[PDB]
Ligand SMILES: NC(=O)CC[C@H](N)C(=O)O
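The chain below stands alone, shown as structure tokens; this is the form solved without the named molecule.
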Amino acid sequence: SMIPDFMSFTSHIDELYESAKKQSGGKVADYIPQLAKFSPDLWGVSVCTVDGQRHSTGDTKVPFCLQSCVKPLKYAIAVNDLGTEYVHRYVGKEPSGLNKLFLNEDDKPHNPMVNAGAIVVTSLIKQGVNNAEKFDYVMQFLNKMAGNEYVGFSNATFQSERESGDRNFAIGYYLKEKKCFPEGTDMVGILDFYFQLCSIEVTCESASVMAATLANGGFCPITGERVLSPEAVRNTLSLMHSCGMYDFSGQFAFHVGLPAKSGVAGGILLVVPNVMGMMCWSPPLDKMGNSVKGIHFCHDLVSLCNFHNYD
């Protein structure tokens, strides 16, 4: 325990929250109406310790889509059900250079955090059963990770993502061409499942619980239940540490030093190993595609509380 008095730590979270709030830069994603809708002023931070202690400030109950924030989670599920060796016969274990190919030196997506990786990972989960069944499987899993808190679905986002993801289809066919999917995979059906997963909704509060589960070696801080295998958690964290922030991953690993994962909805799934889970959210993104207020908050948190991986 680095937070001796949670109650006082909470007071610092609010101060940091207020500080980041003053950062108004960035543009709200608008490649689809469902994301343009959001007000740039929404800003919420939710903490959930390994204990089970909670704390929120800002718009922490407004539902938003996980988007790329779901990548770490579905990867954790795959490693959990199939183990490191199998999962990684299809996807890499490290950051790529940056233009921006699809496959690496072995015709495998560089890692589970980039789109091609997430797509392949999606094709490994619950093979055999139909999409509908696969979807409930993952939903059930996400609920355990969130200790049964809010986990919804945005059909509007799903539909917009599907009838607009031309690049995800390009990736889909390319991977199919390079034989990157398991024998007998319905490629188009996987892209569909992929769009659905990106459309799952959460709130800063429910997500913080999911982060805390990863922060707690796979045990839900608020139910005590074992959701993910130790193996799965460690893998997910390692990859979030190196590829969770898009093109900002390097800077983030160097300056913040914490496993995190951003999403185009403006969310940032943050994890402080053996301490707490967190979810920052604010629609305005920067050139890198990360939440402006979120990035700011993270830097402040590590400076103030010295949570950096190497202190």
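Start at 1 and count along the sequence shown; that's the residue number.
Omitted from view is the form deposited with the named molecule bound, to which the following refers.
Stretch in contact in the deposited bound form with the named molecule, which is absent here, among 272-280, 37-45, 54-62, 259-267 (heavy atoms within 4.5 Å): Result for this chain: 259-267.
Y194, heavy atom within 4.5 angstroms of the named molecule in the deposited bound form: The answer is yes: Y194 has a heavy atom within 4.5 Å of the named molecule.
is_contact(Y246, the named molecule) in the deposited bound form, heavy atom dist at most 4.5 Å: Yes - in the deposited bound form, heavy atoms of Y246 and the named molecule come within 4.5 Å of each other.
Proximity of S68 to the named molecule in the deposited bound form, heavy atoms at 4.5 Å: Yes, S68 lies within 4.5 Å of the named molecule in the deposited bound form.
Close approach of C198 to the named molecule in the deposited bound form, 4.5 Å, heavy atom: It does: once the named molecule is placed as it appears in the deposited bound form, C198 has a heavy atom within 4.5 Å of it.
Among the candidates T185, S154, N168, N80, the residue which, in the deposited bound form, approaches the named molecule to within 4.5 Å (heavy atoms): Selected option: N168.
Sequence-ordered residues of 105-135 touching the named molecule in the deposited bound form, heavy atom within 4.5 Å: Read in sequence order, the lone residue that approaches the named molecule (within 4.5 Å, in the deposited bound form) is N115.
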